[PDB]
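Its first residue numbered 11, the sequence shown is counted upward by one per residue in the authors' numbering. Ideal Cβ positions, reconstructed from N, Cα and C, are used throughout, including at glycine. The block underneath contains the structure these notes are about, expressed in structure tokens.
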Amino acid sequence: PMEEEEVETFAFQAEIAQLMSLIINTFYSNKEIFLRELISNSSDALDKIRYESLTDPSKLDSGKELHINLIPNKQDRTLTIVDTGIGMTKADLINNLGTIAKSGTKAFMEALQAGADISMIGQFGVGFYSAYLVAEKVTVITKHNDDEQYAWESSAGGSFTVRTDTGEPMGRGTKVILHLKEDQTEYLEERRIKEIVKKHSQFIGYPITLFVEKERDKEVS
Ligand SMILES: CC(C)c1cc(C(=O)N2Cc3ccc(CN4CCN(C)CC4)cc3C2)c(O)cc1O
């Protein structure tokens, strides 16, 4: 008791659940495209707030800088992507992250079943789920103007939660935290991240900064 937090439990829409189970339980080569999908989503969100701001500068009250940060953390085997885009409302999380059918799900599963490369995922409108190629749990923290901050979370298994987040306030935008699987820690390495960004995500119209830890003082190693 004491403190109270709204936390809502949802089932993924049946075909989304079937897709996630394929993604997780089937071997697929060329998983590095998960990063491309995340950066694409950030870029679209950033485009949206920039566009709205042409007409209403006040929409930038919550964060004037439009950018993306990539944060690998070897301490807890996470890779976080943060952007200062338009963010999502509660309904946007619920609609976009699982509760309803997505047009391309079935066809995408049929393509995978035929041997398509996982890279096609983005075209089918289910790109977010590529996170599950590398992560056993994904947390999405989001904040849209005129709404409160929310945190979506799922370790697959057919369920996800949406909670009102009173933690680290983001101002405005989305932060995706990938808890990487043991056989996917390569994505924590600066060398690998740089390689995949150069390969798949060139000319993103916003600065991308990689946070690195290379100067830690020995006295606090
Ligand atoms: C977790 C994924 C999905 C993700 C989302 C965002 C984010 O906050 N977004 C807000 C937003 C607004 C517009 C668009 C462009 N399209 C999307 C499809 N829609 C039906 C029409 C508008 C995209 C987004 C994504 C994010 O910043 C990063 C993420 O990884």
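Residues of its chain near residue i, where Cβ-Cβ distance is below 8 Å and the 5 sequence neighbours each way are ignored
i	result
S39	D127, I128
Residue i vs residue j beta-carbon contact at 8 Å
i	j	result
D93	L70	no
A117	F134	yes
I104	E62	no
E47	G132	yes
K185	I151	yes
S140	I91	no
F44	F170	no
Simplified DSSP assignment, three categories, for residue i
i	result
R202	helix
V230	helix
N40	coil
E15	coil
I110	coil
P82	strand
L89	strand
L76	coil
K116	helix
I59	helix
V207	helix
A124	coil
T219	strand
Chain-order list of residues whose beta-carbon lies under 6 Å from that of residue i (same chain, five-residue window excluded)
i	result
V222	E200
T219	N79
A145	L188, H189, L190
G73	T94, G181, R182
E42	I206
Own chain, CB closer than 7 Å to residue i, minus 5 neighbours either side, in chain order
i	result
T99	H154, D157
Every unbroken beta strand (DSSP E) within the region 132-171, with a cutoff of 3 residues, ordered by chain:
145-153, 160-164
Across the region 109-116 and the region 76-88, are there enough close Cβ pairs to call them in contact, namely three or more that are closer than 8 Å?
Result no; under three Cβ-Cβ pairs closer than 8 Å.
Give every residue whose Cβ lies closer than 6 Å to any heavy atom of ligand 3, listed in chain order.
This structure simply doesn't include ligand 3; it includes ligand 1 instead.
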